[PDB]
file query20.tsv (TSV, C-alpha atoms and all ligand atoms)
chain	number	residue	atom	x	y	z
A	1	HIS	CA	-9.72	-5.00	-6.80
A	2	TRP	CA	-6.93	-7.02	-8.18
A	3	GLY	CA	-6.87	-10.75	-8.04
A	4	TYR	CA	-5.99	-13.91	-9.88
A	5	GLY	CA	-9.21	-14.40	-11.80
A	6	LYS	CA	-9.88	-14.06	-15.51
A	7	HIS	CA	-11.07	-10.45	-15.17
A	8	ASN	CA	-8.73	-9.08	-12.50
A	9	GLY	CA	-5.68	-11.34	-12.74
A	10	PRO	CA	-2.00	-10.81	-13.68
A	11	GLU	CA	-2.79	-9.83	-17.29
A	12	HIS	CA	-4.86	-6.91	-15.93
A	13	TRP	CA	-2.49	-5.65	-13.24
A	14	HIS	CA	-0.54	-3.23	-15.46
A	15	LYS	CA	-3.56	-0.93	-15.71
A	16	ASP	CA	-3.47	0.05	-12.02
A	17	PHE	CA	0.28	-0.65	-11.73
A	18	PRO	CA	2.16	0.23	-14.95
A	19	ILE	CA	5.44	-0.98	-13.41
A	20	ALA	CA	4.04	-4.48	-14.19
A	21	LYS	CA	5.71	-4.00	-17.58
A	22	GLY	CA	8.93	-2.67	-16.05
A	23	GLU	CA	12.58	-3.65	-16.44
A	24	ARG	CA	12.98	-5.82	-13.34
A	25	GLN	CA	9.73	-7.70	-12.76
A	26	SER	CA	9.21	-10.97	-10.93
A	27	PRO	CA	8.86	-13.92	-11.04
A	28	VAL	CA	11.08	-15.20	-13.85
A	29	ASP	CA	12.03	-18.52	-15.38
A	30	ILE	CA	15.39	-19.60	-13.97
A	31	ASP	CA	17.33	-21.07	-16.87
A	32	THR	CA	19.79	-23.20	-14.92
A	33	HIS	CA	22.20	-23.57	-17.81
A	34	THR	CA	22.34	-19.81	-18.44
A	35	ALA	CA	22.69	-18.86	-14.77
A	36	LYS	CA	26.28	-17.93	-14.04
A	37	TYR	CA	28.13	-19.41	-11.09
A	38	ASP	CA	29.56	-16.48	-9.13
A	39	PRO	CA	32.34	-17.57	-6.73
A	40	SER	CA	32.35	-14.04	-5.27
A	41	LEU	CA	28.94	-14.69	-3.70
A	42	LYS	CA	29.13	-15.07	0.07
A	43	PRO	CA	27.15	-17.84	1.72
A	44	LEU	CA	23.62	-16.97	2.79
A	45	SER	CA	23.28	-16.12	6.47
A	46	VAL	CA	19.87	-17.14	7.76
A	47	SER	CA	19.56	-16.30	11.45
A	48	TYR	CA	16.11	-17.33	12.63
A	49	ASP	CA	16.81	-18.62	16.18
A	50	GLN	CA	15.10	-15.66	17.87
A	51	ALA	CA	12.17	-15.39	15.46
A	52	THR	CA	8.93	-14.19	17.08
A	53	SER	CA	5.82	-15.13	15.11
A	54	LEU	CA	2.71	-13.11	15.96
A	55	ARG	CA	-0.29	-13.86	13.80
A	56	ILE	CA	-1.50	-15.87	10.83
A	57	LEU	CA	-3.74	-14.03	8.42
A	58	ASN	CA	-5.89	-14.58	5.31
A	59	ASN	CA	-5.28	-11.42	3.27
A	60	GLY	CA	-7.43	-12.20	0.25
A	61	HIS	CA	-4.56	-13.27	-2.00
A	62	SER	CA	-2.56	-15.63	0.24
A	63	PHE	CA	-2.17	-16.52	3.88
A	64	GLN	CA	0.73	-15.09	5.82
A	65	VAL	CA	2.48	-15.67	9.12
A	66	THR	CA	3.68	-12.34	10.51
A	67	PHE	CA	6.70	-11.75	12.74
A	68	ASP	CA	7.85	-9.11	15.20
A	69	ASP	CA	10.22	-7.00	13.10
A	70	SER	CA	10.77	-4.30	15.71
A	71	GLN	CA	14.29	-5.56	16.45
A	72	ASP	CA	16.97	-7.66	14.76
A	73	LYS	CA	15.58	-11.04	15.76
A	74	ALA	CA	15.13	-13.14	12.64
A	75	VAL	CA	17.51	-11.70	10.04
A	76	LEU	CA	18.88	-12.48	6.62
A	77	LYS	CA	22.30	-11.32	5.52
A	78	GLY	CA	25.27	-12.33	3.40
A	79	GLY	CA	24.90	-13.92	0.00
A	80	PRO	CA	24.30	-11.13	-2.50
A	81	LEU	CA	23.11	-8.76	0.23
A	82	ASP	CA	24.78	-5.73	1.74
A	83	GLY	CA	23.48	-5.14	5.23
A	84	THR	CA	20.86	-6.68	7.47
A	85	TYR	CA	17.33	-7.67	6.50
A	86	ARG	CA	14.57	-8.30	9.08
A	87	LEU	CA	12.06	-11.12	8.60
A	88	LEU	CA	8.58	-9.57	8.43
A	89	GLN	CA	6.33	-12.36	7.15
A	90	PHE	CA	6.11	-15.50	5.09
A	91	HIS	CA	3.37	-16.62	2.74
A	92	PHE	CA	2.77	-19.09	-0.08
A	93	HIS	CA	1.63	-19.26	-3.67
A	94	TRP	CA	0.05	-22.49	-4.87
A	95	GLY	CA	-1.96	-24.15	-7.59
A	96	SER	CA	-5.24	-25.92	-8.22
A	97	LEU	CA	-3.20	-29.01	-9.21
A	98	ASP	CA	0.28	-30.23	-8.21
A	99	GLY	CA	1.81	-29.33	-11.56
A	100	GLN	CA	1.38	-25.58	-11.05
A	101	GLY	CA	1.50	-23.07	-8.22
A	102	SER	CA	5.05	-21.77	-8.12
A	103	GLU	CA	5.85	-18.30	-9.38
A	104	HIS	CA	9.46	-18.86	-10.28
A	105	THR	CA	10.08	-21.78	-12.59
A	106	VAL	CA	13.25	-23.81	-13.12
A	107	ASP	CA	13.93	-24.60	-16.77
A	108	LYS	CA	10.19	-23.94	-17.29
A	109	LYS	CA	9.34	-26.47	-14.56
A	110	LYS	CA	6.51	-25.43	-12.25
A	111	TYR	CA	6.37	-26.59	-8.64
A	112	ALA	CA	3.20	-27.22	-6.61
A	113	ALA	CA	3.84	-24.17	-4.47
A	114	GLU	CA	6.37	-21.53	-3.53
A	115	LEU	CA	7.20	-20.18	-0.10
A	116	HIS	CA	8.25	-16.54	0.27
A	117	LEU	CA	10.07	-15.33	3.37
A	118	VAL	CA	9.92	-11.54	3.11
A	119	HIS	CA	12.68	-9.42	4.71
A	120	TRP	CA	13.37	-5.68	4.65
A	121	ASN	CA	16.62	-3.71	4.79
A	122	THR	CA	17.12	-2.26	8.28
A	123	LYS	CA	18.92	0.75	6.88
A	124	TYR	CA	15.52	2.05	5.68
A	125	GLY	CA	13.88	1.73	9.08
A	126	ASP	CA	10.45	0.39	8.13
A	127	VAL	CA	9.08	-1.86	5.41
A	128	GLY	CA	6.99	0.96	3.92
A	129	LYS	CA	10.14	2.93	3.20
A	130	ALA	CA	12.04	-0.16	2.08
A	131	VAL	CA	9.53	-0.98	-0.66
A	132	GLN	CA	10.45	2.42	-2.19
A	133	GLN	CA	14.10	1.40	-2.60
A	134	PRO	CA	15.84	-0.71	-5.23
A	135	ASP	CA	17.48	-2.74	-2.46
A	136	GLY	CA	14.70	-2.45	0.10
A	137	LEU	CA	13.56	-6.06	0.31
A	138	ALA	CA	15.13	-9.51	0.22
A	139	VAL	CA	12.76	-12.38	-0.44
A	140	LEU	CA	13.86	-15.96	0.18
A	141	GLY	CA	11.96	-18.23	-2.21
A	142	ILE	CA	11.62	-21.95	-1.56
A	143	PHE	CA	9.91	-24.42	-3.90
A	144	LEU	CA	7.42	-27.00	-2.68
A	145	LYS	CA	7.06	-30.39	-4.33
A	146	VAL	CA	4.42	-32.96	-3.35
A	147	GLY	CA	5.66	-36.15	-1.72
A	148	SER	CA	6.61	-36.69	1.91
A	149	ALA	CA	5.14	-34.35	4.50
A	150	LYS	CA	7.11	-31.44	5.92
A	151	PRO	CA	6.65	-31.83	9.68
A	152	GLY	CA	7.55	-28.19	10.28
A	153	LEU	CA	4.65	-27.02	8.11
A	154	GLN	CA	1.99	-28.98	9.93
A	155	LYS	CA	1.35	-26.39	12.67
A	156	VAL	CA	0.57	-23.92	9.88
A	157	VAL	CA	-1.73	-26.19	7.92
A	158	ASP	CA	-3.68	-27.15	11.03
A	159	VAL	CA	-4.95	-23.64	11.77
A	160	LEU	CA	-5.93	-22.81	8.20
A	161	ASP	CA	-9.59	-23.75	8.82
A	162	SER	CA	-9.71	-20.91	11.36
A	163	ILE	CA	-8.75	-18.33	8.69
A	164	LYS	CA	-10.77	-19.63	5.75
A	165	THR	CA	-11.96	-16.31	4.35
A	166	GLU	CA	-10.43	-12.93	3.59
A	167	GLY	CA	-10.01	-10.79	6.69
A	168	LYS	CA	-9.68	-13.60	9.22
A	169	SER	CA	-6.65	-13.84	11.47
A	170	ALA	CA	-5.48	-15.81	14.48
A	171	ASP	CA	-2.90	-15.79	17.21
A	172	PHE	CA	0.10	-17.74	15.87
A	173	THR	CA	2.98	-17.62	18.34
A	174	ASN	CA	6.13	-19.70	18.77
A	175	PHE	CA	6.25	-20.86	15.19
A	176	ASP	CA	9.78	-21.70	14.08
A	177	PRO	CA	10.39	-20.91	10.42
A	178	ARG	CA	13.60	-22.97	10.45
A	179	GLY	CA	11.27	-25.96	10.14
A	180	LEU	CA	10.46	-24.87	6.59
A	181	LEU	CA	14.01	-24.73	5.21
A	182	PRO	CA	15.58	-27.37	2.95
A	183	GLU	CA	19.00	-28.85	3.71
A	184	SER	CA	20.98	-26.80	1.24
A	185	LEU	CA	21.21	-23.02	1.04
A	186	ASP	CA	22.48	-23.14	-2.56
A	187	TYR	CA	20.63	-20.38	-4.39
A	188	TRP	CA	20.03	-18.35	-7.49
A	189	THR	CA	19.79	-14.59	-7.18
A	190	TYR	CA	18.62	-11.72	-9.39
A	191	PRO	CA	17.15	-8.20	-8.98
A	192	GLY	CA	13.38	-8.16	-9.19
A	193	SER	CA	10.04	-7.04	-7.84
A	194	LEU	CA	7.13	-7.87	-5.60
A	195	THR	CA	5.05	-10.48	-7.42
A	196	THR	CA	1.75	-8.94	-6.30
A	197	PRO	CA	0.60	-5.35	-6.65
A	198	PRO	CA	2.08	-2.84	-6.22
A	199	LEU	CA	4.77	-4.88	-8.02
A	200	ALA	CA	7.43	-2.50	-6.70
A	201	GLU	CA	10.92	-3.13	-8.02
A	202	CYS	CA	12.52	-3.33	-4.60
A	203	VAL	CA	13.44	-6.98	-4.22
A	204	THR	CA	16.69	-8.92	-4.24
A	205	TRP	CA	15.43	-12.40	-4.99
A	206	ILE	CA	17.19	-15.34	-3.39
A	207	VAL	CA	15.71	-18.61	-4.66
A	208	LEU	CA	16.87	-21.90	-3.14
A	209	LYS	CA	17.80	-24.69	-5.56
A	210	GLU	CA	16.50	-27.42	-3.23
A	211	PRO	CA	12.72	-27.72	-2.88
A	212	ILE	CA	11.06	-28.93	0.26
A	213	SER	CA	8.65	-31.86	0.06
A	214	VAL	CA	5.14	-31.41	1.41
A	215	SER	CA	2.37	-34.01	1.45
A	216	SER	CA	-0.74	-34.00	-0.73
A	217	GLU	CA	-2.84	-33.62	2.45
A	218	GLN	CA	-0.84	-30.55	3.41
A	219	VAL	CA	-1.28	-28.74	0.06
A	220	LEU	CA	-4.91	-29.87	-0.11
A	221	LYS	CA	-5.50	-27.79	3.02
A	222	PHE	CA	-3.98	-24.74	1.27
A	223	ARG	CA	-6.59	-25.23	-1.43
A	224	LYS	CA	-9.53	-25.07	0.99
A	225	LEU	CA	-8.84	-21.39	1.72
A	226	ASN	CA	-11.07	-18.71	0.15
A	227	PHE	CA	-10.23	-15.57	-1.84
A	228	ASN	CA	-13.62	-14.23	-0.75
A	229	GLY	CA	-14.70	-12.82	2.57
A	230	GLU	CA	-17.38	-14.62	4.57
A	231	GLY	CA	-20.85	-14.10	3.06
A	232	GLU	CA	-19.55	-13.67	-0.49
A	233	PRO	CA	-19.74	-16.39	-3.15
A	234	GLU	CA	-17.09	-19.02	-2.36
A	235	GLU	CA	-14.10	-18.77	-4.66
A	236	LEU	CA	-11.32	-21.16	-3.65
A	237	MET	CA	-7.91	-19.61	-3.04
A	238	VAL	CA	-6.00	-21.58	-5.69
A	239	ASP	CA	-3.64	-20.49	-8.49
A	240	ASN	CA	-2.58	-17.35	-6.64
A	241	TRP	CA	0.63	-17.17	-8.64
A	242	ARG	CA	1.93	-14.64	-11.16
A	243	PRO	CA	3.49	-16.24	-14.23
A	244	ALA	CA	7.11	-15.76	-15.31
A	245	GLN	CA	7.88	-12.28	-16.61
A	246	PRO	CA	10.47	-11.19	-19.22
A	247	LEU	CA	14.05	-11.41	-17.95
A	248	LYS	CA	15.03	-8.40	-20.08
A	249	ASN	CA	18.43	-7.00	-19.19
A	250	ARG	CA	19.13	-9.19	-16.17
A	251	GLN	CA	21.53	-11.95	-15.22
A	252	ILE	CA	20.65	-14.68	-12.78
A	253	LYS	CA	23.66	-15.66	-10.66
A	254	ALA	CA	24.15	-19.01	-8.92
A	255	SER	CA	25.95	-19.49	-5.60
A	256	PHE	CA	26.97	-23.02	-6.61
A	257	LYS	CA	28.64	-24.91	-9.45
A	301	LIG	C1	1.46	-11.60	0.79
A	301	LIG	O1	2.49	-10.62	0.84
A	301	LIG	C2	2.20	-9.30	0.52
A	301	LIG	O2	1.14	-8.88	0.72
A	301	LIG	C3	3.25	-8.38	-0.13
A	301	LIG	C4	3.62	-9.11	-1.43
A	301	LIG	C5	4.52	-9.78	-1.18
A	301	LIG	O3	5.43	-9.75	-2.41
A	301	LIG	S1	6.15	-11.11	-2.91
A	301	LIG	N1	4.95	-12.14	-3.38
A	301	LIG	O4	7.15	-10.68	-4.01
A	301	LIG	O5	6.85	-11.72	-1.65
A	301	LIG	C6	5.31	-9.00	0.03
A	301	LIG	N2	4.55	-8.20	0.55
A	301	LIG	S2	5.06	-6.93	0.81
A	301	LIG	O6	5.05	-5.97	-0.48
A	301	LIG	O7	6.51	-7.04	1.46
A	301	LIG	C7	4.02	-6.07	2.05
A	301	LIG	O8	4.60	-4.79	1.92
A	301	LIG	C8	4.39	-3.70	2.93
A	301	LIG	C9	3.49	-2.78	2.37
A	301	LIG	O9	4.24	-1.87	1.67
A	301	LIG	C10	3.99	-4.29	4.30
A	301	LIG	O10	2.72	-3.83	4.74
A	301	LIG	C11	4.12	-5.76	4.47
A	301	LIG	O11	3.07	-6.28	5.35
A	301	LIG	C12	4.37	-6.64	3.33
A	301	LIG	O12	3.61	-7.88	3.45
A	302	ZN	ZN	4.95	-14.07	-2.62
call {"tool": "encode", "arguments": {"input": "query20.tsv", "output": "structure tokens"}}
result
Amino acid sequence: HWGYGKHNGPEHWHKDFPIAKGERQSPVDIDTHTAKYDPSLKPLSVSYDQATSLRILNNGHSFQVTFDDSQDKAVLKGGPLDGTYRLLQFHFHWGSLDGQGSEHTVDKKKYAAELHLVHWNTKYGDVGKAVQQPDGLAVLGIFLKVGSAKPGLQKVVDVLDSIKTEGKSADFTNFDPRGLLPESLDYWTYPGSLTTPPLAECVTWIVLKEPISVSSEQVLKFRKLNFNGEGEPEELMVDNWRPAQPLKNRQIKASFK
């Protein structure tokens, strides 16, 4: 049903998913001057050395690279988190033009795209259970700006023509997500939600201050993907981002001064 078009997009989502108008929805604008430096925040622990990628998939609203989350291989911990979070998948949100595409914004600034590394809290056993918990998920968000290419992304971009339409998937093993991380792990963090339906309010957001640079040719290949399945009228998978939602009674904390 739901999508990013005029008739089924973000402004329509609340009808099937009333939590869309809830108290901790995502994404949000990160007002850098209002974010509070919290020296009690531990450093982020990103442990991806044993990551096992499995498949890459066009799911009708994004493309995602899925990982084996049946043991504590690639895990996120520390920072604002209590406990261990298993990497399940990563995916992107991007625009039709370089000046839009990100879901979070920084002082109202939009980036060309945003990378989401989705992790779930091992204390809840499976991701289905985790999405029902206020601290079930931790999503690492990384901004993409257009400039120099990101060499680590290229293996991803090169198989996108094999998953053009909704439903298509491919073997995608031995991909190293460390190749997608910026130098600094400085971050903002706040309690939020999934940014697609069901918009469940189960996410601790960890958004990195430092964007990665990707080339125009790389993001252009994102934009050749299709929302539609094969045999349906071609609608380009572009502008698959939800806009900033009301901050309401939340504080964004920064891990850095
Ligand atoms: C493309 O990713 C997904 O389909 C959803 C949305 C995306 O939310 S966001 N954009 O805030 O990172 C995350 N996942 S998800 O909710 O963790 C989605 O959840 C579970 C369903 O309950 C699992 O089947 C996972 O495969 C997971 O992808
Ligand atoms: Zn996302």
call {"tool": "residues_around", "arguments": {"input": "query20.tsv", "residues": "residue 199 of chain A", "least_positions_apart": "3", "cutoff": "10 Å", "atoms": "only C-alpha atoms", "output": "list in words"}}
result
residues 13, 14, 17, 18, 19, 20, 21, 22, 24, 25, 26, 131, 192, 193, 194, 195, 196, 202 and 203 of chain A
call {"tool": "closest_residue", "arguments": {"input": "query20.tsv", "among": "A:236, A:56, A:140, A:156", "to": "ligand ZN 302 (chain A)", "atoms": "all atoms listed in the file"}}
result
A:140
call {"tool": "closest_residue", "arguments": {"input": "query20.tsv", "among": "A:143, A:111, A:94, A:63", "to": "residue 187 of chain A", "atoms": "all atoms listed in the file"}}
result
A:143
call {"tool": "residues_around", "arguments": {"input": "query20.tsv", "residues": "residue 220 of chain A", "least_positions_apart": "5", "cutoff": "10 Å", "atoms": "only C-alpha atoms", "output": "tab-separated table (two decimals) with C-alpha atoms, keeping the file's coordinate frame"}}
result
chain	number	residue	atom	x	y	z
A	95	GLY	CA	-1.96	-24.15	-7.59
A	96	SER	CA	-5.24	-25.92	-8.22
A	97	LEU	CA	-3.20	-29.01	-9.21
A	98	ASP	CA	0.28	-30.23	-8.21
A	157	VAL	CA	-1.73	-26.19	7.92
A	215	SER	CA	2.37	-34.01	1.45
A	225	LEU	CA	-8.84	-21.39	1.72
call {"tool": "residues_around", "arguments": {"input": "query20.tsv", "residues": "residue 99 of chain A", "least_positions_apart": "4", "cutoff": "12 Å", "atoms": "only C-alpha atoms", "output": "NGL selection string"}}
result
:A and (94-95 or 103 or 105 or 108-113 or 144-146 or 239)
call {"tool": "atom_distance", "arguments": {"input": "query20.tsv", "atom1": "atom CA of residue 158 of chain A", "atom2": "atom CA of residue 100 of chain A"}}
result
22.7 Å
call {"tool": "residues_near_ligand", "arguments": {"input": "query20.tsv", "ligand": "ligand LIG 301 (chain A)", "cutoff": "9 Å", "atoms": "all atoms listed in the file", "output": "PyMOL selection string"}}
result
chain A and resi 26-27+59-64+66+88-93+103+115-120+126-132+137-141+192-200+202-203+205+241-242
call {"tool": "atom_distance", "arguments": {"input": "query20.tsv", "atom1": "atom CA of residue 190 of chain A", "atom2": "atom CA of residue 253 of chain A"}}
result
6.5 Å
call {"tool": "atom_distance", "arguments": {"input": "query20.tsv", "atom1": "atom CA of residue 177 of chain A", "atom2": "atom CA of residue 142 of chain A"}}
result
12.1 Å
call {"tool": "closest_residue", "arguments": {"input": "query20.tsv", "among": "A:65, A:237, A:206, A:46", "to": "residue 153 of chain A", "atoms": "only C-alpha atoms"}}
result
A:65
call {"tool": "residues_around", "arguments": {"input": "query20.tsv", "residues": "residue 55 of chain A", "least_positions_apart": "3", "cutoff": "8 Å", "atoms": "all atoms listed in the file", "output": "list in words"}}
result
residues 65, 66, 67, 169, 170, 171, 172 and 173 of chain A
call {"tool": "write_last_selection", "arguments": {"input": "query20.tsv", "atoms": "C-alpha atoms", "output": "PDB file, keeping the file's coordinate frame"}}
result
ATOM      1  CA  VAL A  65       2.480 -15.670   9.120  1.00  0.00           C
ATOM      2  CA  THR A  66       3.680 -12.340  10.510  1.00  0.00           C
ATOM      3  CA  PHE A  67       6.700 -11.750  12.740  1.00  0.00           C
ATOM      4  CA  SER A 169      -6.650 -13.840  11.470  1.00  0.00           C
ATOM      5  CA  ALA A 170      -5.480 -15.810  14.480  1.00  0.00           C
ATOM      6  CA  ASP A 171      -2.900 -15.790  17.210  1.00  0.00           C
ATOM      7  CA  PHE A 172       0.100 -17.740  15.870  1.00  0.00           C
ATOM      8  CA  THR A 173       2.980 -17.620  18.340  1.00  0.00           C
TER       9      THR A 173
END
call {"tool": "closest_residue", "arguments": {"input": "query20.tsv", "among": "A:114, A:11, A:210, A:235", "to": "ligand ZN 302 (chain A)", "atoms": "only C-alpha atoms and all ligand atoms"}}
result
A:114
call {"tool": "residues_around", "arguments": {"input": "query20.tsv", "residues": "residue 149 of chain A", "least_positions_apart": "5", "cutoff": "9 Å", "atoms": "all atoms listed in the file", "output": "PyMOL selection string"}}
result
chain A and resi 154+213-218
call {"tool": "closest_residue", "arguments": {"input": "query20.tsv", "among": "A:204, A:189, A:228, A:58", "to": "residue 35 of chain A", "atoms": "all atoms listed in the file"}}
result
A:189
call {"tool": "closest_residue", "arguments": {"input": "query20.tsv", "among": "A:125, A:39, A:101, A:233", "to": "ligand ZN 302 (chain A)", "atoms": "all atoms listed in the file"}}
result
A:101
call {"tool": "residues_near_point", "arguments": {"input": "query20.tsv", "point": "(27.7, -15.4, -0.8)", "cutoff": "8 Å", "atoms": "all atoms listed in the file", "output": "VMD selection string"}}
result
chain A and resid 39 to 44 78 to 80 255
call {"tool": "build_atoms", "arguments": {"input": "query20.tsv", "residues": "segment 87-113 of chain A", "atoms": "N, CA and C atoms", "output": "PDB file, in the coordinates of the input"}}
result
ATOM      1  N   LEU A  87      13.225 -10.335   8.994  1.00  0.00           N
ATOM      2  CA  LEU A  87      12.060 -11.120   8.600  1.00  0.00           C
ATOM      3  C   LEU A  87      10.778 -10.436   9.058  1.00  0.00           C
ATOM      4  N   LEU A  88       9.873 -10.189   8.118  1.00  0.00           N
ATOM      5  CA  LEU A  88       8.580  -9.570   8.430  1.00  0.00           C
ATOM      6  C   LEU A  88       7.436 -10.582   8.373  1.00  0.00           C
ATOM      7  N   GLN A  89       7.422 -11.409   7.328  1.00  0.00           N
ATOM      8  CA  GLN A  89       6.330 -12.360   7.150  1.00  0.00           C
ATOM      9  C   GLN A  89       6.710 -13.447   6.158  1.00  0.00           C
ATOM     10  N   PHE A  90       6.018 -14.581   6.210  1.00  0.00           N
ATOM     11  CA  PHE A  90       6.110 -15.500   5.090  1.00  0.00           C
ATOM     12  C   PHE A  90       4.718 -15.878   4.612  1.00  0.00           C
ATOM     13  N   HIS A  91       4.640 -16.283   3.351  1.00  0.00           N
ATOM     14  CA  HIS A  91       3.370 -16.620   2.740  1.00  0.00           C
ATOM     15  C   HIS A  91       3.661 -17.592   1.612  1.00  0.00           C
ATOM     16  N   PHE A  92       2.607 -18.106   0.983  1.00  0.00           N
ATOM     17  CA  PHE A  92       2.770 -19.090  -0.080  1.00  0.00           C
ATOM     18  C   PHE A  92       1.984 -18.710  -1.317  1.00  0.00           C
ATOM     19  N   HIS A  93       2.386 -19.302  -2.436  1.00  0.00           N
ATOM     20  CA  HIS A  93       1.630 -19.260  -3.670  1.00  0.00           C
ATOM     21  C   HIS A  93       1.459 -20.707  -4.074  1.00  0.00           C
ATOM     22  N   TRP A  94       0.267 -21.095  -4.526  1.00  0.00           N
ATOM     23  CA  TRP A  94       0.050 -22.490  -4.870  1.00  0.00           C
ATOM     24  C   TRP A  94      -0.989 -22.643  -5.965  1.00  0.00           C
ATOM     25  N   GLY A  95      -1.148 -23.878  -6.426  1.00  0.00           N
ATOM     26  CA  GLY A  95      -1.960 -24.150  -7.590  1.00  0.00           C
ATOM     27  C   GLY A  95      -3.241 -24.893  -7.284  1.00  0.00           C
ATOM     28  N   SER A  96      -4.031 -25.115  -8.327  1.00  0.00           N
ATOM     29  CA  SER A  96      -5.240 -25.920  -8.220  1.00  0.00           C
ATOM     30  C   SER A  96      -4.905 -27.405  -8.386  1.00  0.00           C
ATOM     31  N   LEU A  97      -3.729 -27.664  -8.958  1.00  0.00           N
ATOM     32  CA  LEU A  97      -3.200 -29.010  -9.210  1.00  0.00           C
ATOM     33  C   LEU A  97      -1.704 -29.000  -8.891  1.00  0.00           C
ATOM     34  N   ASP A  98      -1.114 -30.174  -8.666  1.00  0.00           N
ATOM     35  CA  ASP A  98       0.280 -30.230  -8.210  1.00  0.00           C
ATOM     36  C   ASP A  98       1.266 -29.733  -9.248  1.00  0.00           C
ATOM     37  N   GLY A  99       0.892 -29.759 -10.521  1.00  0.00           N
ATOM     38  CA  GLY A  99       1.810 -29.330 -11.560  1.00  0.00           C
ATOM     39  C   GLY A  99       1.898 -27.833 -11.808  1.00  0.00           C
ATOM     40  N   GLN A 100       1.271 -27.032 -10.953  1.00  0.00           N
ATOM     41  CA  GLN A 100       1.380 -25.580 -11.050  1.00  0.00           C
ATOM     42  C   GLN A 100       1.186 -24.975  -9.676  1.00  0.00           C
ATOM     43  N   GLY A 101       1.601 -23.724  -9.507  1.00  0.00           N
ATOM     44  CA  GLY A 101       1.500 -23.070  -8.220  1.00  0.00           C
ATOM     45  C   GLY A 101       2.699 -22.192  -7.920  1.00  0.00           C
ATOM     46  N   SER A 102       3.881 -22.603  -8.376  1.00  0.00           N
ATOM     47  CA  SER A 102       5.050 -21.770  -8.120  1.00  0.00           C
ATOM     48  C   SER A 102       5.038 -20.563  -9.050  1.00  0.00           C
ATOM     49  N   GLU A 103       5.715 -19.518  -8.610  1.00  0.00           N
ATOM     50  CA  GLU A 103       5.850 -18.300  -9.380  1.00  0.00           C
ATOM     51  C   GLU A 103       7.129 -18.368 -10.188  1.00  0.00           C
ATOM     52  N   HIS A 104       8.266 -18.539  -9.519  1.00  0.00           N
ATOM     53  CA  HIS A 104       9.460 -18.860 -10.280  1.00  0.00           C
ATOM     54  C   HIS A 104       9.325 -20.251 -10.867  1.00  0.00           C
ATOM     55  N   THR A 105      10.005 -20.460 -11.987  1.00  0.00           N
ATOM     56  CA  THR A 105      10.080 -21.780 -12.590  1.00  0.00           C
ATOM     57  C   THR A 105      11.558 -22.101 -12.816  1.00  0.00           C
ATOM     58  N   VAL A 106      11.866 -23.381 -12.950  1.00  0.00           N
ATOM     59  CA  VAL A 106      13.250 -23.810 -13.120  1.00  0.00           C
ATOM     60  C   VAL A 106      13.299 -24.592 -14.421  1.00  0.00           C
ATOM     61  N   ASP A 107      13.972 -24.038 -15.422  1.00  0.00           N
ATOM     62  CA  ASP A 107      13.930 -24.600 -16.770  1.00  0.00           C
ATOM     63  C   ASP A 107      12.497 -24.899 -17.218  1.00  0.00           C
ATOM     64  N   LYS A 108      11.615 -23.936 -16.937  1.00  0.00           N
ATOM     65  CA  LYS A 108      10.190 -23.940 -17.290  1.00  0.00           C
ATOM     66  C   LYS A 108       9.379 -24.873 -16.390  1.00  0.00           C
ATOM     67  N   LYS A 109      10.048 -25.588 -15.490  1.00  0.00           N
ATOM     68  CA  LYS A 109       9.340 -26.470 -14.560  1.00  0.00           C
ATOM     69  C   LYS A 109       8.582 -25.678 -13.500  1.00  0.00           C
ATOM     70  N   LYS A 110       7.319 -26.033 -13.295  1.00  0.00           N
ATOM     71  CA  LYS A 110       6.510 -25.430 -12.250  1.00  0.00           C
ATOM     72  C   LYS A 110       6.439 -26.360 -11.050  1.00  0.00           C
ATOM     73  N   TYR A 111       6.524 -25.799  -9.849  1.00  0.00           N
ATOM     74  CA  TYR A 111       6.370 -26.590  -8.640  1.00  0.00           C
ATOM     75  C   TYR A 111       4.945 -26.428  -8.115  1.00  0.00           C
ATOM     76  N   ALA A 112       4.564 -27.253  -7.146  1.00  0.00           N
ATOM     77  CA  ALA A 112       3.200 -27.220  -6.610  1.00  0.00           C
ATOM     78  C   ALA A 112       2.936 -25.951  -5.827  1.00  0.00           C
ATOM     79  N   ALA A 113       3.987 -25.397  -5.234  1.00  0.00           N
ATOM     80  CA  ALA A 113       3.840 -24.170  -4.470  1.00  0.00           C
ATOM     81  C   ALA A 113       5.187 -23.494  -4.288  1.00  0.00           C
TER      82      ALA A 113
END
